[PDB]
Amino acid sequence: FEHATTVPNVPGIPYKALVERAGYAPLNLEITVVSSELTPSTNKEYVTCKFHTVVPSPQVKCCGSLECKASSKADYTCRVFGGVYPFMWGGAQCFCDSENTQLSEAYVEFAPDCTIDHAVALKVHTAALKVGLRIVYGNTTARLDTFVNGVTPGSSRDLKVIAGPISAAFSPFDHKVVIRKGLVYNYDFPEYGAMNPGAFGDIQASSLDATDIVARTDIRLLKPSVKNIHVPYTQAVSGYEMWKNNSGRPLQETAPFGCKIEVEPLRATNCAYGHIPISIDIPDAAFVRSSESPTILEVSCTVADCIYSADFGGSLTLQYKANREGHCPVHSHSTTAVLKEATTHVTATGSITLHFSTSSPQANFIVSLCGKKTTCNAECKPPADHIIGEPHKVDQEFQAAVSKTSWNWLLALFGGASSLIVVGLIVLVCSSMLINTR
Amino acid sequence: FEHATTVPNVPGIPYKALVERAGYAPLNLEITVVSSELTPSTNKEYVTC
Ligand SMILES: *[C@@H]1O[C@H](CO)[C@@H](O)[C@H](O)[C@H]1NC(C)=O
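Below, the structure is given as structure tokens:
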């Protein structure tokens, strides 16, 4: 049989339900969302890391001429200079009365440390959510893991179970992101082929070990200015360390709902938000006919004591009369309250307690023992402790915090002035006629 | 758990109380003031004889 139900997106929050079929005892169904797995689609754009300038041996043409030539190396620079003043420990490298000239050039390349200090700029889209569900029926536990989509049931025992789509779409990830040393940072990285000195991603490459590179970081050559042969180079500070210094806090400290983000899939997990509708198919053989089910008689409830606690602290008791030994389930069709155990033994005239929780102080509702129903009411008090991180609000508040006494007072407050005005008008018209008599 | 109660100053007078907690049986609490000890601060002034 197939049953439909909506569940909150949250871990460690079992949800209990029942299936009604004529001649079959209502079957307890427990559903647990073990964890969440939001995996988006992303594409590798480029990589960046601290670089190193190249300072190759300059070219010296003595007492003659020469011309500059470009080079395919990324961020390359070249420039000639006449009237050079070459000196070295060995002395004047060559000789002519200041006629000689020298060509200098430089370029950049990623340093060896980059191999492990690389930071990759990622473009992401189409967040996809994966949900793992564990379902208990007839004290039998089955499992499945399915994409949140409502069109691809998973495989578990060759059982087709579907979930979603989500009520709302949530994704902490933004279109542009960066990954560095296992830390993910939300930032609008410059597009590939865009070089801006003193900025993130100044050096860009298709792959870490790509021979072809493109970069621009405003390198300007300086004229020789000293005795010896030297190439003074002026360049802006590397942008990688710049972004490192003031990169801001990591996404791990900014993700809403406490998403637990992992890097190797670049995906979130254990993050709770939204609702999920699901349809569960259960084999008919799993069901049990009511003929063999225990029969109960003259059952009654009693709230020994309840507390309006965030955690599961509510208690209840039931007393029953029966004729057959065995087990029956227990349920509460009121969403405001949730039980703890789904089934229990049954005796001829036994009475058993129950643990439960509620989201309202007016503990009035209907609970079913085995197949039969029964009303049960009480009032609950706020707790002394008022800060706890354990599961809370298994059912969200439904403006039911208002008390029965509050309803009685509000009813006694509003007055029936409409009846007063109606009676006044009626007597007024009657008197008007009586005086039209004259 | 913490509970507040007022007791008379007197020996050999047990006082009984209960603590109410949801889902917990009320726990009997007996309190006895075995004795009193009023100790003041004093300073030696001098001696005579
Ligand atoms: C499940 O509950 C039924 C109901 O009494 C019982 O007969 C059966 O033995 C239970 N299964 C297990 C594995 O305990």
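As given, the protein sequences belong to chains A and B, one line each in that order.
Numbering of the first sequence is given in full-length UniProt numbering, commencing with residue 798 and proceeding in unit increments.
Numbering of the second sequence is given in full-length UniProt numbering, commencing with residue 798 and proceeding in unit increments.
We put the beta carbon where it would ideally sit given N, CA and C, even for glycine.
Q: Apply the 10 Å Cβ neighbour rule to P1029 of chain A and answer buried if 16 or more other Cβ atoms are within range, or exposed otherwise.
A: Reading the first sequence from its first residue, position 232 is the one you call residue 1029 of chain A. Residue burial is scored here from C-beta neighbours: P1029 of chain A has fewer than 16 other C-beta atoms within 10 angstroms and is therefore classed as exposed.
(Q) Starting from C1098 of chain A, trace the alpha helix (DSSP H) in both directions and tell me its first and last residue. (A) Mapped onto the first sequence, residue 1098 of chain A falls at position 301. Per DSSP, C1098 of chain A lies in no alpha helix (DSSP H) segment; the continuous beta strand (DSSP E) that holds it begins and ends at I1093 to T1099.
Q. Counting pairs of Cβ atoms below 8 Å between the segment 934-943 of chain A and the segment 1031-1047 of chain A, do you hit three or more?
A. The segment 934-943 of chain A and the segment 1031-1047 of chain A do not touch, with fewer than 3 CB-CB distances between them shorter than 8 Å.
Q | Contiguous alpha helix (DSSP H) assignments of at least 4 residues, all confined to the segment 942-995 of chain A | A | Entirely contained in the segment 942-995 of chain A, not one alpha helix (DSSP H) run reaches 4 residues.
Q) When you compare only the Cα positions, how much space is there between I1073 of chain A and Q1116 of chain A? A) By 1-based counting over the first sequence, the position of residue 1073 of chain A is 276. By 1-based counting over the first sequence, the position of residue 1116 of chain A is 319. Distance between the alpha carbons of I1073 of chain A and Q1116 of chain A: 37 Å.
Q: Determine, using beta carbons only, whether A819 of chain B comes closer than 9 Å to chain A.
A: Translated into the one-based positions of the second sequence, residue 819 of chain B becomes position 22. Output row for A819 of chain B: interface = yes.
Q: Say yes only if the C-beta of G1147 of chain A is nearer than 8 Å to one or more non-hydrogen atoms of ligand 1, and no if none qualify.
A: Sequence index remark: in the first sequence, residue 1147 of chain A carries index 350 (1-based). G1147 of chain A has its CB no nearer than 8 Å to any heavy atom of ligand 1.
Q. Skipping 5 residues on each side, what residues in its chain have a beta carbon closer than 6 Å to that of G979 of chain A?
A. The residue given as residue 979 of chain A occupies position 182 in the first sequence. The answer, listed in chain order, is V1060.
Q: Answer yes or no: do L826 of chain A and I1077 of chain A have a C-beta to C-beta separation smaller than 9 Å?
A: Residue numbering aside, residue 826 of chain A sits at position 29 when the first sequence is read from its first letter. Residue numbering aside, residue 1077 of chain A sits at position 280 when the first sequence is read from its first letter. Yes, Cβ-Cβ distance for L826 of chain A and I1077 of chain A is below 9 Å.
Q) Which whole-angstrom value describes the C-beta separation of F1153 of chain A and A1181 of chain A, a residue pair presumed to lie in contact below a C-beta threshold of 8 Å? A) In the first sequence, the residue the question calls residue 1153 of chain A occupies position 356. In the first sequence, the residue the question calls residue 1181 of chain A occupies position 384. In this structure, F1153 of chain A and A1181 of chain A do not form a Cβ contact; the two beta carbons are roughly 20 Å apart against a cut-off of 8 Å.
**Q.** Environment of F798 of chain B [buried if 16+ CB atoms lie within 10 Å]
**A.** Within the second sequence, numbered from 1, the residue matching residue 798 of chain B stands at position 1. When all chains shown are included, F798 of chain B counts as exposed.
Q: Just mark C1125 of chain A as buried or exposed, buried being the case when its beta carbon has 16 or more other beta carbons within 10 Å.
A: Looking up residue 1125 of chain A in the first sequence gives position 328. With 16 or more other Cβ atoms within 10 Å, it is buried.
Q.
Taking only three categories from DSSP, how would you classify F1054 of chain A?
A. As a working mapping, residue 1054 of chain A is identified with position 257 in the first sequence. When secondary structure is reduced to three states using DSSP, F1054 of chain A falls in the helix class.
Q: List the residues of chain B whose Cβ lies closer than 7 Å to the Cβ of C1098 of chain A, in chain order.
A: Within the first sequence, numbered from 1, the residue matching residue 1098 of chain A stands at position 301. Result: empty, since nearest Cβ-Cβ is about 16 Å, beyond 7 Å.
Q: Give me the Cα-Cα distance between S1004 of chain A and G929 of chain A, rounded to the nearest whole angstrom.
A: Residue 1004 of chain A sits at position 207 when you count from the first residue of the first sequence. Residue 929 of chain A sits at position 132 when you count from the first residue of the first sequence. Roughly 35 Å between the two C-alpha positions.
Q) Does the Cβ of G935 of chain A lie closer than 8 Å to at least one heavy atom of ligand 1? A) Translated into positions along the first sequence, residue 935 of chain A becomes position 138. Yes - ligand 1 has a heavy atom lying nearer than 8 Å to the Cβ of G935 of chain A.
**Q.** C-beta atoms of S833 of chain A and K973 of chain A nearer than 9 Å
**A.** If you number the first sequence from 1, residue 833 of chain A lands on position 36. If you number the first sequence from 1, residue 973 of chain A lands on position 176. With respect to the 9 Å criterion, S833 of chain A and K973 of chain A are not classified as neighbours on the basis of their beta carbons.
Q | Reduced DSSP category for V917 of chain A - H, G, I as helix; E, B as strand; rest coil | A | Position 120 of the first sequence holds residue 917 of chain A. DSSP places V917 of chain A within a strand segment (E or B) once states are collapsed to three.
Q: With DSSP collapsed to three states, give me the class of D1078 of chain A.
A: Position 281 of the first sequence, counting from 1, holds the residue named residue 1078 of chain A. Collapsing the DSSP output to three states places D1078 of chain A in a strand.
Q. So what does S1148 of chain A bridge to, in DSSP terms?
A. For this step, residue 1148 of chain A is matched to residue 351 along the first sequence. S1148 of chain A is bridged to A:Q1116.
Q) Just by C-beta distance, which residues in the segment 1101-1118 of chain A are closer than 8 Å to chain B? A) Listed by position, the residues of the segment 1101-1118 of chain A near chain B (Cβ gap below 8 Å) are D1102, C1103, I1104, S1106, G1110, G1111 and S1112.
Q) For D999 of chain A, does the count of other Cβ atoms within 10 angstroms reach 16, so buried, or fall short, so exposed? A) For the purposes of this step, residue 999 of chain A is taken as the residue at position 202 of the first sequence. In this structure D999 of chain A is buried. Its beta-carbon is surrounded by 16 or more other beta-carbon atoms within 10 angstroms.
(Q) Going by DSSP, what residue range makes up the beta strand (DSSP E) through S901 of chain A? (A) As a first step, residue 901 of chain A must be located in the first sequence, where it is residue number 104. Per DSSP, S901 of chain A belongs to the beta strand (DSSP E) from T898 to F907.
**Q.** Straight-line Cα distance separating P1062 of chain A from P853 of chain A
**A.** Working through the first sequence from its first residue, we reach residue 853 of chain A at position 56. Working through the first sequence from its first residue, we reach residue 1062 of chain A at position 265. About 41 Å.
Q) With respect to 8 Å, is the separation between the Cβ of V1085 of chain A and the closest non-hydrogen atom of ligand 1 below this value? A) The sequence position of residue 1085 of chain A within the first sequence is 288, counting from 1. Yes, the beta carbon of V1085 of chain A sits closer than 8 Å to at least one heavy atom of ligand 1.
Q: Could you please give me the residues that DSSP links to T1172 of chain A through a beta bridge?
A: One-based indexing of the first sequence puts residue 1172 of chain A at position 375. Per DSSP, the beta-bridge partners of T1172 of chain A are A:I1163.
Q: Hey, could you find the ends of the alpha helix (DSSP H) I1232 of chain A is sitting in?
A: Position 435 of the first sequence, counted from the start, is the residue given in the question as residue 1232 of chain A. Start and end: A1214 to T1234.
Q.
I need the DSSP call for residue 863 of chain B, collapsed to helix, strand or coil.
A. Absent from the model: residue 863 of chain B. The displayed extent of chain B is 798 to 846, so no value can be given.
Q. If you draw a straight line from the C-alpha of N983 of chain A to the C-alpha of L919 of chain A, how long is it?
A. Within the first sequence, numbered from 1, the residue matching residue 983 of chain A stands at position 186. Within the first sequence, numbered from 1, the residue matching residue 919 of chain A stands at position 122. The straight-line gap from Cα to Cα measures roughly 10 Å.
Q. Which term fits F907 of chain A, buried or exposed, when burial requires 16 or more other beta carbons within 10 angstroms of its beta carbon?
A. In the first sequence, residue 907 of chain A corresponds to position 110, counting from 1. Buried is the call here.
Q: For my contact list, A871 of chain A and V905 of chain A are in at a C-beta cut-off of 8 Å; report their separation, rounded to the angstrom.
A: Within the first sequence, numbered from 1, the residue matching residue 871 of chain A stands at position 74. Within the first sequence, numbered from 1, the residue matching residue 905 of chain A stands at position 108. At roughly 6 Å, the Cβ-Cβ gap stays under 8 Å, so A871 of chain A and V905 of chain A are in contact.
Q. CB-CB under 8 Å to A867 of chain A, same chain, minus the five flanking residues each way: which ones, in chain order?
A. By 1-based counting over the first sequence, the position of residue 867 of chain A is 70. For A867 of chain A, same chain residues with a beta-carbon under 8 Å away, outside a window of 5 residues either side, are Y873 and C875 in chain order.
Q: Specify the secondary structure class of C1125 of chain A as computed by DSSP and reduced to three states.
A: By one-based count along the first sequence, residue 1125 of chain A stands at place 328. Residue state, collapsed to three classes: strand.
Q | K1190 of chain A at chain B interface by Cβ criterion, 9 Å | A | Residue numbering aside, residue 1190 of chain A sits at position 393 when the first sequence is read from its first letter. Closer than 9 Å to the CB of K1190 of chain A there is not a single CB belonging to chain B.
(Q) Restricting to Cα atoms, I'd like to know which of A:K1118, A:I1163, A:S1131 and A:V1164 is closest to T1144 of chain A. (A) By one-based count along the first sequence, residue 1144 of chain A stands at place 347. Residue A:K1118 is the option with its Cα nearest to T1144 of chain A.
Q: Measure the CB-CB distance between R818 of chain A and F1084 of chain A and report whether it falls below 9 Å.
A: As a first step, residue 818 of chain A is located in the first sequence; it is residue number 21 there, counting from the start. As a first step, residue 1084 of chain A is located in the first sequence; it is residue number 287 there, counting from the start. Against a cut-off of 9 Å, the Cβ pair of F1084 of chain A and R818 of chain A comes out as a contact.
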